[PDB]
Structure formats: C-alpha cells, structure tokens
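Protein sequences, first through last, are from chains A and A'. A prime marks a further copy of an entry chain. Numbering-wise, the first sequence is residues 12 to 254, 261 to 317, 324 to 836 according to the authors' numbering. Numbering-wise, the second sequence is residues 12 to 254, 261 to 317, 324 to 836 according to the authors' numbering. Beneath this line is the structure, given in structure tokens, with notes to follow.
There are 2 protein chains.
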Amino acid sequence: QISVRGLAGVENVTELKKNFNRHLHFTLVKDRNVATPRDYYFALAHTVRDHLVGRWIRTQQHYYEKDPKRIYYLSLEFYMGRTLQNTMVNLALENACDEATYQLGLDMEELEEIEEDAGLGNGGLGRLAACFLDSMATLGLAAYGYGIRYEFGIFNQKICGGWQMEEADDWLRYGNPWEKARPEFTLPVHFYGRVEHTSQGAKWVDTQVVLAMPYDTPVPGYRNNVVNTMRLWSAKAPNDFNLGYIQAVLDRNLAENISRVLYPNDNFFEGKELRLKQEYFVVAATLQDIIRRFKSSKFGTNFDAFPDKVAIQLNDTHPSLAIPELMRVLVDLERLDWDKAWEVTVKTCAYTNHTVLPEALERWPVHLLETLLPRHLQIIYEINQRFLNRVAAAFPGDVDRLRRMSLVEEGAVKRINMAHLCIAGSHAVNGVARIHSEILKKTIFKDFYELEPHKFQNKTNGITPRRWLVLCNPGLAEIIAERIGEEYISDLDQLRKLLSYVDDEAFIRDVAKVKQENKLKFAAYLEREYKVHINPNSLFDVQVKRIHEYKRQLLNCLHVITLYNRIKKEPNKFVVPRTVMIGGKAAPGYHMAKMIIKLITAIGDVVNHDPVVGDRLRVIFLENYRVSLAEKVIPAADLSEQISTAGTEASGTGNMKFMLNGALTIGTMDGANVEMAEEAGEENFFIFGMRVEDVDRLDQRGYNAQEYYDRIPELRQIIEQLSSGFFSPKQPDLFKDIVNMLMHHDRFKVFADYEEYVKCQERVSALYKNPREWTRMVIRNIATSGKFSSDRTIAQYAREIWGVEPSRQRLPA
Amino acid sequence: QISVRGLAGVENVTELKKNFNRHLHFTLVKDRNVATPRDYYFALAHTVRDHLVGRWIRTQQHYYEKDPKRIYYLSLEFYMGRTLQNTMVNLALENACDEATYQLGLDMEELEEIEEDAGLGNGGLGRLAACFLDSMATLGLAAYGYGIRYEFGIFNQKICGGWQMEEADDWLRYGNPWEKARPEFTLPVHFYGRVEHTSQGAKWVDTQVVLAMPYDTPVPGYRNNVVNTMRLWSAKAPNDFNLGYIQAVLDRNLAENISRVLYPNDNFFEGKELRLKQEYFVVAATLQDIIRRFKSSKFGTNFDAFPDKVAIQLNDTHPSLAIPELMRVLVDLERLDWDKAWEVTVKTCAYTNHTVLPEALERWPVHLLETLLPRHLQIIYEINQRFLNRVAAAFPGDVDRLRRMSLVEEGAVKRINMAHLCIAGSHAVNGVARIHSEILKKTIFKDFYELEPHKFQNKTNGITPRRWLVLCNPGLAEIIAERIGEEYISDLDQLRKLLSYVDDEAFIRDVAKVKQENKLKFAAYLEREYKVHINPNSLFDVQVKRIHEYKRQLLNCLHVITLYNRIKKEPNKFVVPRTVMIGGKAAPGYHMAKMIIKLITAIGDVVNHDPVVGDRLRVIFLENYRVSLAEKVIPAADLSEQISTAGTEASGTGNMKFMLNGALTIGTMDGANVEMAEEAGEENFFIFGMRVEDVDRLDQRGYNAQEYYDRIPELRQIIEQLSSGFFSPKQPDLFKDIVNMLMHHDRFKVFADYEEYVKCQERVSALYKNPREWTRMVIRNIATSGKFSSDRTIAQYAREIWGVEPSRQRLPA
Ligand SMILES: Cc1cn([C@H]2C[C@H](O)[C@@H](CO)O2)c(=O)[nH]c1=O
Ligand SMILES: Cc1cn([C@H]2C[C@H](O)[C@@H](CO)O2)c(=O)[nH]c1=O
C-alpha cells in the first residue's frame with residue numbers, strides 16, 4: 012500500500028503464502044477448518060522467522076572469520092515489546108506479507124495484535140537497551156545483548172475500583188517463536204561456599220551450583236542483512252540436586274527461582290537476596306561465555328589483547344559484579360598477577376549511570392555478600408584498599424575524602440556502594456543527557472571526577488526511528504518519504520530537510536491529516552477494547568511513564584482540577600476541549616504511587632460524568648501501559664507532558680518518542696528536554712518552572728508549601744476539595760496521605776511549579792486554537808528531532824568508549 | 012539392507028535428505044560446520060515427524076466424520092521408551108532413512124542412541140499401557156491415551172560402591188520433538204473448597220483452581236496410516252494465583274508441582290496427598306475433555328447414548344476417581360437423577376486389576392478426601408449405601424459380608440477401598456492372566472463375584488511384536504520373514520507356521536546365528552559403555568525386572584552362590600559357562616530391595632575376580648534398566664528367569680518378550696508363565712517349584728525356614744557365608760537384615776523352592792551342552808508365542824468389554 016513498507020513482488024508473495032501453509036500444517040499441526048487467529052499469527056511468525064536464520068547464521072560466521080572487537084551489553088532488563096512487525100520492517104517484508112495474508116483471506120494487523128509483548132523491563136532503562144540492540148545491528152557492530160530470560164516479565168496492570176491490581180505476565184504460555192534454546196551451551200554458576208587459601212592462591216570451594224541455560228533471539232539490522240544475538244540465561248538445577262526422593266526433586270524449584278520473575282521496581286533499590294542472585298547469575302554466565310569466545314578465536324592465553332577484542336558495557340550498576348568476577352577469573356583461575364588483571368579489567372569495562380536519586384543507588388549489605396559471594400567480597404576489599412591508596416597519594420591528609428570515596432560504607436550495617444565500584448573499575452563513566460552528566464561531575468561523583476577527570480563522559484540517550492516512527496506511525500513516515508526520500512530512516516539528521524516545508528501548504532495539511540487519522544484510530548481502539556468514549560477533536564494531552572513522585576503526575580492532576588473548577592465557575596465560557604490521558608504502572612510496594620493512580624481515576628469519576636462539563640474535558644487512565652500501548656498512543660498525542668522536577672529525570676526517552684511523532688512538549692528544563700528545546704528552538708517548546716539552580720536556591724532557604732497554599736486561592740480550593748472528600752464522597756479522608764505529603768514532606772516541590780505550569784498550559788490552549796500555527800510548530804519539532812536517534816547515541820559509544828567504527832555497509836544476502 | 016525395513020526408493024531418499032537439511036538449517040539454526048550428533052538426531056526426528064502429521068490430521072478428521080465409539084484409556088503411567096525407530100518401523104521408513112542418512116555421511120544407529128527414553132512409568136503396568144496404545148492404533152480403534160506429562164519420569168539409577176543412587180530424569184532438557192503443546196485447550200481443575208446445599212442440589216464452592224494444559228503425542232498404527240493421540244496433562248497456575262508480589266509469583270510452583278514427578282513405586286501404595294492430587298488432576302481434566310468431545314459430535324444433551332459413544336478403561340485403581348467424578352458432573356452439573364447417572368457411569372467404566380498383593384491396594388484415608396475432595400467423599404458414601412443395600416437384599420442377615428464388601432473400611436483411621444469402588448462402578452472387571460483372574464474370583468473379590476458373576480473377566484496380557492521383535496531384533500524378524508512372509512507382524516499367530524521348520528537344518532543354523540550375533544553385539548555394548556568384560560560363548564542367564572521380594576532376585580542369588588561354591592569345591596570339573604545378568608530399579612524408600620542390589624554387586628566382587636573361577640562364571644548387575652536397555656538385553660538372552668512365588672506375579676510381560684526373542688524360560692507356574700507353558704508344551708519349558716496350592720498348604724501348616732536350613736547342607740553353607748562376612752569382609756554384618764528376613768520373616772518362601780530350582784538349573788545346563796536340541800526347543804517357543812501379542816489382547820477388550828470391532832483396513836495416504 013505505502014512506499015516505505017517495501018516491494019510486494021509476485022515471486023515473494025507466492026513463496027510466503029506456501030511457507031505460511033507449510034507451517035500451519037507441519038509446525039502447528041492444524042488445517043484451515045480448525046485454525047484460530049492465534050494459529051494464523053504463529054504460522055506468519057514462523058514464516059518471517061525463516062527469513063532471519065540464513066542471515067543470522069552468516070552474520071555469526073562473518074564475525075568468526077573477521078574476528079572484530081566484540082561489544083557485550085550487560086543488562087538485567089530488555090524491554091523488547093513485540094517482534095513480528097519490527098522483523099518485517101527491518102527485512103523489507105511488510106508489504107509482501109500484507110499481500111500474502113490478504114490473498115489468504117486474513118488481516119495482518121489483526122494477527123499482529125495477538126503477539127505478547129516481551130515485557131522484560133520496567134521502563135526507560137530496559138527500553139534503552141532494546142533501542143540500543145536495534146541501532147548496534149543497524150550500524151553493523153559485532154554486538155551481543157546479555158540478560159536473564161524471566162519467566163514472568165513486568166506484571167499486567169488491571170484497574171479495579173480505581174485501584175491498581177497486579178497479575179502475572181505469563182508471556183511464554185503459548186510459546187515464543189523467536190527464541191532458540193541452546194541447552195548444549197549450558198554453564199555452571201556458583202553460590203555460597205567458602206574461601207580456601209593454598210600455595211597457589213585462593214580457592215572458592217563447597218559451592219552450590221546452578222546451571223545457566225542460554226536462549227538466543229535474533230536482532231536484525233535495518234535492511235543491511237546483519238542479524239545480531241540477544242542471549243538470555245535461564246536457571247536450571249543440576250540433576251544430582253539435593254540427590261526423601263520426591264521432596265529433593267520438588268526442591269529443584271529453589272534453584273530455578275533465580276530466573277522466575279523480574280523485580281518490578283523502577284528507579285528504586287530493594288536489597289533482597291534473590292535480586293543479588295539474579296545479578297551474579299547473569300554476570301557469571303556471561304563472563305564465562307565471553308572468555309570462551311575470546312579463547313576460541315582466530316587471533317590468539325594472552326590476556327593483554329583482551330581489551331582489544333572485548334568491550335563490556337554495564338547498564339546501570341545492576342551487573343557491577345562483572346568487575347570483581349573478571350578479577351576473580353583472571354587472578355584465581357588464569358593465574359594473572361593482580362596489577363595486570365586490574366589493567367585488563369579497567370580497559371574492558373565501562374559504566375552508564377541512569378539516575379541521581381539516592382533511593383535508586385545499589386548499596387548491598389556486606390553480610391549478604393559475605394554469605395553468598397565470599398570470594399567477591401575479598402576482591403572488593405582489595406580493590407577498595409588499592410583505590411584509597413591512590414586517593415591518599417593524590418590528596419594527602421584529606422581524611423573526609425577517603426571516607427566519601429570508599430566502596431565500603433560504614434554505619435549500623437556495612438554496605439558496598441556499587442556505583443563507587445563501577446567508577447573505580449571502569450575506563451569510562453557516562454551520564455545519559457548533558458545536564459545529567461554535568462550534575463554527576465558537580466555533585467554525587469565530584470570526588471571521583473577530581474581524581475580521574477578523563478573517565479567522565481556524556482552520551483545523550485536516543486530512540487530507534489524504526490520502531491518509534493516507521494513501525495508505529497507509517498502515515499507520517501510516508502508523507503516524509505514523499506518529500507525527502509527513505510534515507511532518513513537510518514540517518515535521522517536528514518529530517519532537517521523538512522524545515523524547507525514549514526511554509527508548504529500541502530505538507531502542513533498532510534501533517535495535520537496524519538495526526539487526525541492517528542487520533543481517530545486511537546479513539547476507536549479505546550471504544551473497542553475498553554468501552555470508553557472520547558472526542559477526537561479535542562487536544563490529546565498525554566503523560567505516559569512509570570508512576571513516580573519525581574515525575575509529578577500529581578502536578579498534572581492539579582492542573583486538570585484547575586480546569587474543571589474554572590469550567591464550573593464560568594460554564595458558558597469557551598475553553599479548548601481536552602482529553603487528558605495519564606498512564607503507567609506503579610511498583611507493587613509503592614504506596615504513594617498507588618494512591619496517585621486512585622486519585623486520577625477519582626478525578627475522572629467526577630469530571631467525566633458532570634453534565635455541565637460536557638465533552639470539553641475528559642480524564643482517562645490508560646490501563647496496562649507497555650511498549651505495544653506506547654506505539655498506539657504516542658502517534659495519537661498532541662501534547663507531551665514531561666514535567667519532572669528539574670534535576671531528577673536523568674534523560675527521559677518518552678520525550679523523544681513524542682517529538683518524533685508530531686506532539687508538542689510542555690516541560691521543565693530537565694534531562695534531555697534541555698537538548699530537545701536547544702535543537703528545536705525555545706520558541707517551539709513550552710518550557711516552564713524552576714531550573715536546577717532555582718531548586719537548589721529553594722533547598723538552601725527551605726521549601727515551605729504553606730506559602731503557596733496561602734498565596735494562591737485556586738491552589739487552596741483544590742487542597743480543600745481533596746481534604747473534604749469532594750473526589751471521594753463515601754470515603755472523605757481517602758486522600759489524606761496525598762494532602763499531608765503535598766503540604767509537609769514534598770521532596771519534589773509540586774506547589775512551587777503550579778503557577779507557571781497553569782499559565783504555560785494557557786499558552787498551549789491558545790496555540791491549539793490556531794491549527795495552522797500549531798502544525799507549523801510541530802513541523803519545526805519533527806524536523807529537528809534527528810539528534811535523538813539511538814544510531815547517533817550508539818555511534819558515540821562506539822567511537823568514544825568502545826573504540827570501534829560503525830558501518831552502514833550491507834552483508835551479502 | 013533387510014526386507015522387513017521397507018523400500019529405499021530413489022524418490023523417497025532424495026526427499027528425506029532435503030527435508031533433513033531444511034530442518035538442520037531452519038529448525039535447529041545450525042550448519043554442517045557446527046552441528047553435533049545431537050543436532051543430527053533432532054533433524055532426523057523432525058523429518059520423520061513431518062510424515063506423521065498428515066496422517067494424524069486426517070485420522071482425527073476421519074473420527075469426526077464417522078463418529079465411532081471412542082475408547083479412553085486412563086493411566087497414570089505410559090512407559091513409552093524411544094519414539095524414533097518405532098515411528099520409522101510403523102511408517103515403513105526405516106531403510107529409506109537409513110539410506111538417506113548414509114548418503115549424508117551419518118550412522119543412523121548412532122543417532123538413535125541420542126534419544127532420551129520417555130520414562131513415564133515404573134515397569135509392567137506402564138509398559139502395558141504403551142503396548143496397548145500401539146495395538147489399538149494398529150487395530151484401527153478410535154482410542155485415546157490420557158495421562159500426566161511428568162517433568163521427571165522414573166529416576167536414572169547410578170550404582171556407587173555397589174549401592175543404588177537416584178538422579179532426576181530430566182528427559183525434557185533438550186526438548187521433545189514428538190509432542191505438540193495445546194495451550195488453547197487448557198481446562199480448570201478444582202481442589203479443596205466446601206459443599207453447599209441449595210434448592211437446585213449440591214454446589215462445590217470456594218475451590219482452588221489449577222489449570223490442566225494438554226500435550227498431544229502421535230501414536231502411529233503399523234502401516235495402516237492410522238495415527239491416534241496420547242494426551243498428557245501438565246499443571247499450570249492461573250494468572251491471578253495468590254494475586261508480597263514476588264512471593265506470590267514464586268508460589269505458583271506449589272500448583273505446578275502436581276505434574277512435576279512420577280512416584281517411583283512399583284506395586285506399592287504410598288498414601289501421600291500429592292499423589293491423590295495427581296490422580297484427581299488426570300481424571301478431572303480427562304472427563305471434561307471426554308464430555309466436551311461427546312457434546313460436539315455429529316450424533317447428539325441426551326446422556327442415554329453416552330455409553331454407546333464412550334468407553335473408559337481404568338488402568339488399575341489409580342484413576343478410580345473417574346467413577347465419582349462422572350457422577351459429580353452428571354448429577355451436579357448436568358442435573359441428571361442419581362439412578363440414571365449411575366446407569367450411565369457403570370456402562371461407561373471398566374476396571375483392570377494388576378495385583379493381589381495387599382500393600383499395593385489403594386486405601387485412601389477419609390480425612391484426606393474430606394479436605395481435598397469434599398463433594399467426592401459425599402458421592403462415595405452415597406454409592407456405598409446404595410451398593411450395601413443391594414448386598415443386604417441378596418444375602419439377608421449376612422452381616423460380615425456387609426463389612427467385608429463396604430467401600431468404607433473401619434478402624435483407627437477410616438479408609439476408602441478404591442478397588443471396591445471400581446468393582447461397584449464398572450460393568451467389567453478383569454485380571455491380566457488366567458490364573459490371576461481365577462484368584463480374584465476365589466479370594467480377594469470372592470464376595471463381589473458372588474453378587475455379580477457376569478462382571479468378572481480375564482484378559483491375558485500381551486506385548487507389541489513391533490517394538491519387541493521387529494524393532495529390537497531385526498535379525499530374527501528377517502530370517503522368519505524369509506520363510507513365512509511379513510504378515511505375522513500384525514498377525515502373530517502365523518508364527519505357528521514355523522513348527523514345520525523345527526527339523527530344518529538351515530533354519531536351526533540361522534536361529535542360532537541370530538542369537539550369537541545378538542550376544543556379540545551386547546557383549547560389545549557392555550565394554551564400550553560400562554567397561555565390563557564378558558564371554559560371549561557363555562549361557563546368558565538374565566533376570567531383568569523391578570527389584571522386589573516377590574520377584575525373588577534373592578532365589579537367583581542363592582543359585583549363583585551355589586554354582587560358585589561347587590566350582591571352588593571341584594575346580595577342575597567341567598561346568599557350562601554362564602554370564603548371570605540381573606538388573607532393575609528399587610523404589611527409593613524400599614530398604615530390602617536396596618540391600619538385594621548391594622548383595623548382587625557384592626557377589627560379583629568375589630566371583631568375578633576369583634582366578635580359579637576363570638571365565639566360567641560372571642555376575643553382572645545391569646545398571647539403569649529401562650525400555651531402551653530391555654530392547655538390547657532381551658534379544659541377547661539365552662535363559663529368562665521368571666521365578667516369582669506362585670500366586671504373586673499377576674501376569675508378567677517381560678516373560679513374553681523373552682519368549683518372542685529366542686530365550687528359554689526357567690520359571691514357576693505363576694502369572695502368564697502357565698499359559699506360556701501351555702502354548703509351547705511343558706516339555707519345552709523349565710518349570711519348577713510350588714504351585715499356588717502348595718503355597719496355600721505351606722501357609723496352613725506354617726512356613727518354617729529353619730527346616731530347610733537344617734536339611735540342606737548347601738543352603739546352610741550359603742547362609743553361613745552371608746552371616747560371617749564372606750561377601751563383605753570389611754563390614755561382616757552387612758547382610759544381617761537379609762539373613763534375618765530369610766530365616767524368620769520370609770513372606771515369599773525363598774528356601775522352599777531352593778532345591779527344585781537348583782536341580783532345574785542343572786537340566787538347563789545339560790540342554791545347553793547340546794546346541795542343536797537347545798535351538799530346536801527355542802524354535803518351539805518362538806513358534807507358539809503368538810497368543811501373547813497385545814493385538815490379541817486388545818481385540819478381546821474391544822469385543823468383550825468395549826463393544827467395538829477391530830479393523831486391519833488401511834486409511835488412505
Ligand atoms: C516499591 C517502591 C517503594 N517506594 C517507597 C519506599 C520508600 O519508603 C519511599 C521513598 O521514600 O517510597 C518507592 O519509592 N519506590 C518503589 O519502587
Ligand atoms: C517404597 C517401598 C517400600 N516398601 C517397604 C514398606 C514396607 O514396610 C515393606 C513391605 O512390608 O517394604 C515396599 O515394599 N515397596 C516399596 O516400593
């Protein structure tokens with residue numbers, strides 16, 4: 012149908028149809044008389060999968076022959092979403108499959124909806140890893156994603172009585188056609204035990220063994236015939252495990274629990290033993306795999328060349344045990360001297376920090392490491408001693424610096440600071456947006472920056488334009504391709520060419536048409552799937568992201584109520600109609616975040632049924648926000664809410680997705696918002712609120728929320744409404760926790776940005792009244808979004824950290 | 012190579028080779044440079060599997076169109092062994108695959124050894140179910156095997172220091188290419204809860220739900236294009252299960274433990290809750306499936328026709344809950360009156376008894392059923408009351424009969440007798456050999472036989488001649504086919520034609536040649552796989568079966584020691600050389616059986632290293648006896664030990680396997696031995712020992728083992744050797760338990776058959792000295808083994824119990 016979706020050749024369509032029928036019969040053991048839509052999905056998935064394997068086998072063969080430097084991206088999260096459409100897009104198969112299925116009497120879009128999300132992540136950190144895999148393959152890098160194959164990913168969110176309920180995400184129930192089990196490459200992982208000292212050094216003995224079984228998933232590059240591997244480990248008990262008889266077999270579950278479930282915490286550290294086991298499990302299995310592959314190479324025994332052939336990227340501190348595990352292997356098993364092993368380790372490892380929030384920092388109790396990983400604790404102590412000797416020599420007599428920089432934190436319970444471990448043992452440390460990387464050097468890692476300035480870098484985050492434009496917004500990709508061609512899909516900077524169309528009346532009309540079509544499609548989706556009714560002519564005001572105090576969904580709530588109260592006061596006055604959509608999951612143990620969700624639904628319950636309001640204001644909570652829902656709602660958005668307190672959102676990536684898809688942004692000067700506004704021009708962004716410096720000034724003086732309550736009558740009214748039970752008539756004190764927090768212990772200064780936020784929102788409404796000028800501003804946003812491609816981000820990692828050159832050259836098909 | 016293995020056509024060989032290469036590439040994601048023998052096995056398995064599915068789909072389609080009476084064979088055990096060779100044989104693909112693989116440069120026999128046994132059974136009962144599935148498909152019956160997909164089957168047995176060690180049988184590790192998961196047909200199963208009474212009758216409420224997910228495996232008939240289904244249920248937790262968060266997800270294991278492991282007890286009842294859950298789980302899921310299929314039929324709401332369209336065969340009492348579950352569904356859910364529901368139930372269900380040993384009888388504590396299955400207990404009580412009212416009316420005033428026949432057993436703990444439940448609720452009750460069925464009517468079920476004589480039948484067990492001749496002994500199948508053609512493979516009675524060759528010098532030579540070849544092949548297998556050395560010219564004396572006191576492996580041990588002692592006494596006297604092979608698993612909790620294994624190895628330790636003995640006597644314990652090992656050792660055997668105490672082995676099936684494969688039998692008149700001797704002629708069998716009547720006489724008088732010890736000096740010497748530590752010098756009292764049992768509490772009268780056994784063994788040795796007359800007796804055995812085909816057995820079930828007619832007619836290919 013559309014150009015960007017590739018060719019539908021007579022030869023290709025015929026071949027796809029017959030392979031579809033082959034899989035339905037031989038693979039699924041079905042005929043057309045018993046087959047369900049799910050069977051049809053699987054037959055298509057297997058058909059597309061077949062096209063991958065040839066390229067997969069020759070890509071990996073190519074790496075064996077050429078022996079390039081390999082990049083190992085270690086992450087506890089890979090938030091992949093659905094794979095079918097992504098694979099079709101990257102292989103140029105979308106139109107052909109569309110034609111083949113049409114001729115078989117099936118709707119491909121209907122089949123696509125059957126696939127489960129691979130929800131092996133929480134939010135931004137996990138989705139960044141997924142975008143990175145796509146870009147690394149597209150840029151022809153010899154890259155491997157390594158993680159855990161969780162049996163249960165992020166929970167499915169149900170809303171019951173306005174409250175979040177969690178249910179298990181049994182994503183593997185019907186099987187996963189994309190993975191290939193590799194039980195032949197199973198590796199042992201050790202836990203507990205004790206350290207024995209001999210003449211030949213230390214020995215780790217009396218350990219419990221858990222097996223790590225790898226599952227490989229193909230990662231196709233964009234139309235370059237490169238297919239990389241994501242390898243995920245699954246925990247398996249050994250066959251002599253605990254070997261009355263029946264109980265010993267049933268107790269195998271204890272070992273296998275390691276890969277059972279993703280911890281559903283976003284930006285929050287929970288110090289549980291099972292989580293530590295997960296972290297070591299991925300690290301130990303991966304490093305064995307890396308070393309095996311290094312020894313079995315067409316190059317060289325000699326670990327001097329190890330950093331020339333291997334890069335390990337630590338995604339946050341979660342895989343930080345890679346550092347002492349590499350030391351363990353090099354010193355204890357390979358018998359390298361400490362100094363040499365350390366040189367190799369430092370030159371191999373690099374660390375990406377994702378947040379400055381103290382509650383998110385991993386600080387593991389020494390007693391846990393002592394029991395679980397006794398040799399690693401000894402190695403960490405030795406790393407610390409040698410590191411602090413360096414600090415002492417550089418800053419003689421500075422005794423407080425020594426305590427501040429120690430990897431060992433003293434107190435009631437001794438803890439290991441994993442972030443400090445990562446900096447000491449890595450040659451590169453990067454933040455994820457310019458303002459964030461600056462904050463790291465100025466505040467939390469100031470001491471480390473003073474010691475080793477060369478180590479500290481910035482790599483501004485990005486998103487893949489394949490999933491986040493071509494896949495989810497084909498209508499916009501097409502109208503862009505009509506004007507400037509198809510090259511921008513792997514060279515997003517080319518979108519700048521669109522600035523010469525900002526005064527083009529045809530383009531203006533097409534951009535606005537694509538948005539309305541997206542809005543209609545999403546309005547219909549909401550009716551069919553959730554029986555909720557919205558006005559497609561209203562401004563689509565959306566905030567989608569994990570529920571957090573720092574992300575200030577509560578500030579959004581205050582504005583919504585302000586709008587409602589203003590309507591009730593002057594009912595017959597004209598207001599720009601809005602649909603306010605808020606979605607996202609709260610961590611199961613996060614009480615305040617669960618209360619915020621309840622508040623949002625409670626506001627909807629009042630606002631959506633007030634006859635005086637009409638269709639002028641609607642508040643909808645978007646249930647079960649996840650990658651597949653993001654791909655639907657983002658193309659439909661007019662306004663993107665990026666309203667975190669300045670200095671708290673390290674980067675954000677949702678912000679970039681909205682920019683690429685034709686929404687305007689209301690936001691604080693936080694994370695990547697700053698660089699986005701810089702790229703588009705501040706006139707083309709709705710910036711408001713305190714800057715980082717203003718927050719600091721308020722902290723020094725002391726934040727008093729009462730001041731704002733006293734001086735802003737509209738704010739006072741809302742608080743009174745909340746307190747008195749206006750939004751909860753049956754349970755008048757339901758929101759007392761929220762009010763108390765806002766008034767007395769608000770770390771994120773909701774009230775301080777309220778006035779500027781509301782005024783800025785008025786300016787948004789004013790512009791939306793002028794469709795032509797709204798769209799012209801949109802065009803200026805899309806046209807300058809090129810910097811935020813993860814291809815740019817990965818190219819910078821490649822050149823400035825990993826020491827490898829990216830390549831757009833095709834492999835032979 | 013050989014005729015019986017089918018045609019190797021140029022067209023077929025070419026097609027197999029290319030499909031092999033397709034699977035290696037697309038299915039396994041490998042090329043010839045990285046592929047291991049295991050990869051090659053899987054590519055072949057997938058290639059052969061493809062040939063099944065077409066026939067599988069049209070067989071099931073055929074049953075839907077014709078709507079025949081369906082046979083449901085319910086069993087907690089299906090001891091299937093390997094599937095690759097069986098599938099090739101039944102599809103006439105063996106020579107073609109042999110040629111195709113040869114041309115690809117691979118040895119097919121080597122690939123066959125890679126397949127794991129499907130070891131979902133303990134011994135005879137589980138293997139009978141497997142043979143039955145084969146025969147039902149071969150006879151064109153619309154039959155379904157229903158069971159549990161155990162994650163772990165029967166344990167792998169390792170021998171360490173002469174002791175049995177158990178390890179988990181992780182048979183699914185590398186995947187199972189033969190099964191097809193059917194998550195779309197998942198069914199709920201209920202546990203616990205309570206019974207509520209309404210105006211509309213009883214309601215079972217507040218239950219815990221466990222999901223039953225089916226996996227389907229094809230069962231091909233012998234060259235008739237019929238492919239039936241074995242459906243095995245797997246336990247799955249529902250997604251809202253227990254839904261802090263992490264623990265609730267981890268607790269899903271509790272529900273899924275139901276299908277985790279096979280109870281490794283042979284002929285022994287262990288009253289554990291998990292076992293009861295397994296028994297109900299299979300029954301509840303199966304009956305829902307049966308009823309669904311009955312309602313969705315081209316026939317008829325009206326349950327009058329239910330017994331005309333459905334037969335349920337209960338394999339032992341393990342699925343006995345089918346009876347009250349069918350009543351539950353008919354009365355509580357379908358709202359049929361009791362009397363009508365009961366008529367339907369009785370006409371639908373039939374029960375096969377497998378043993379008379381009291382320790383094997385299922386007697387479930389009422390308190391377990393009360394908690395787990397409260398509605399079923401109520402139904403059982405009602406069944407009992409109505410049944411006892413019938414007994415009371417037939418035998419007025421016979422109060423002891425009432426207590427003897429009750430389904431409820433009174434005592435310290437109240438129990439339900441599941442065997443009594445089965446008889447009451449079935450229209451047919453059968454034993455598994457003529458002597459066994461007679462014992463049932465005369466002893467343990469005498470009261471029931473008096474009430475309902477018409478209910479009681481015999482169905483002598485059998486074995487499939489496909490697996491147990493063609494597959495495991497191609498050499499013998501071929502020399503037979505040369506003389507009488509190929510028809511005997513599905514009409515085993517034709518082997519009688521071989522009696523006209525008993526004086527044929529060519530045939531005599533060929534039979535003896537096939538045996539020597541089998542012996543050489545097995546002698547080589549033992550060296551390659553277990554580094555043990557045997558003389559292939561010796562008499563292969565084998566006892567392979569589960570280790571049990573009733574099977575009297577100890578009587579064999581006494582003979583072995585007698586032979587050793589006789590050699591030591593007259594070293595320079597000639598004796599017929601023997602290799603005595605004993606193999607089989609002991610239940611993990613069965614102490615005496617574990618001691619017997621230790622004894623056997625301890626005898627070997629002395630006998631095998633005595634220089635005076637030479638190669639005249641060897642005692643070898645065959646480790647990890649299982650279906651695949653049976654297929655190797657049985658064709659190699661000269662002498663089959665079937666020496667259970669008369670009246671204890673209900674039938675035996677191992678006995679039949681040895682008869683079909685050219686071994687002579689030494690045995691008691693027990694189980695099917697009686698019918699075997701009757702078929703071949705007593706002159707052609709080595710029968711010894713007490714008959715049932717002699718055992719009874721000894722019981723009435725009182726068995727005194729001391730009498731035998733006092734009067735038999737050779738027996739006395741052995742006991743002294745055991746007691747003094749001759750077979751355990753470092754631990755002199757090691758075998759005190761065995762001696763004590765033998766002397767004071769021997770339920771199975773080992774000593775009473777010792778004299779006759781030893782004398783009979785002398786007659787065996789005498790005949791073996793005359794190769795020509797040994798072989799002529801062998802020919803008389805093979806020629807009369809036709810009755811013991813499971814095709815005969817299943818034809819009798821079909822006609823006399825299920826009311827269906829068998830068919831040898833081909834389905835179209
Ligand atoms: C589970 C969870 C709890 N919390 C709770 C624990 C702390 O008491 C509080 C932060 O001060 O919020 C989070 O902030 N984030 C989370 O993800
Ligand atoms: C596990 C097991 C134990 N036993 C034990 C339990 C009883 O105490 C004894 C039989 O009297 O043997 C068996 O006989 N068979 C078995 O399978």
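Quick reminder that beta carbons are idealized off the backbone N, C-alpha and C, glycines included.
Beta carbon proximity, residue i to chain A', threshold 7 Å
i	result
A:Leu267	yes
A:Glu127	no
A:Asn270	yes
A:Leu254	yes
A:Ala345	no
Residue i - DSSP class collapsed to helix/strand/coil
i	result
A:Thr676	coil
A':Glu432	strand
A':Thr58	helix
A':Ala223	strand
A:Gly134	coil
A:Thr98	helix
A':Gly65	helix
A':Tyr404	helix
A:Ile159	strand
A:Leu243	strand
Beta-carbon proximity of residue i to residue j, cut-off 7 Å
i	j	result
A:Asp180	A:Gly134	no
A:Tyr84	A:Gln401	no
A:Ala609	A:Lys617	yes
A:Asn101	A:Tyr233	yes
A:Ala447	A:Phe418	no
8 Å contact criterion, which residue i and residue j should meet: CB distance rounded
i	j	result
A:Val567	A:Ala653	7 Å
A:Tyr161	A:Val278	6 Å
A':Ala246	A':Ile275	4 Å
A:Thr691	A:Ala669	5 Å
Closer than 7 Å to chain A by CB, residue i
i	result
A':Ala179	yes
Length-filtered (4 minimum) alpha helix (DSSP H) runs lying within the region 169 to 221 of chain A:
none
For a minimum of 4 consecutive residues, which ranges assigned as the alpha helix (DSSP H) are wholly contained in the region 561 to 597 of chain A?
576 to 592
Quick check for students: name the residue ranges of the alpha helix (DSSP H) that lie wholly in the region 709 to 747 of chain A', counting only runs of 4 or more.
715 to 724, 728 to 734, 736 to 747
Sequence ranges, beta strand (DSSP E) only - wholly within the region 625 to 654 of chain A', length at least 3
640 to 645
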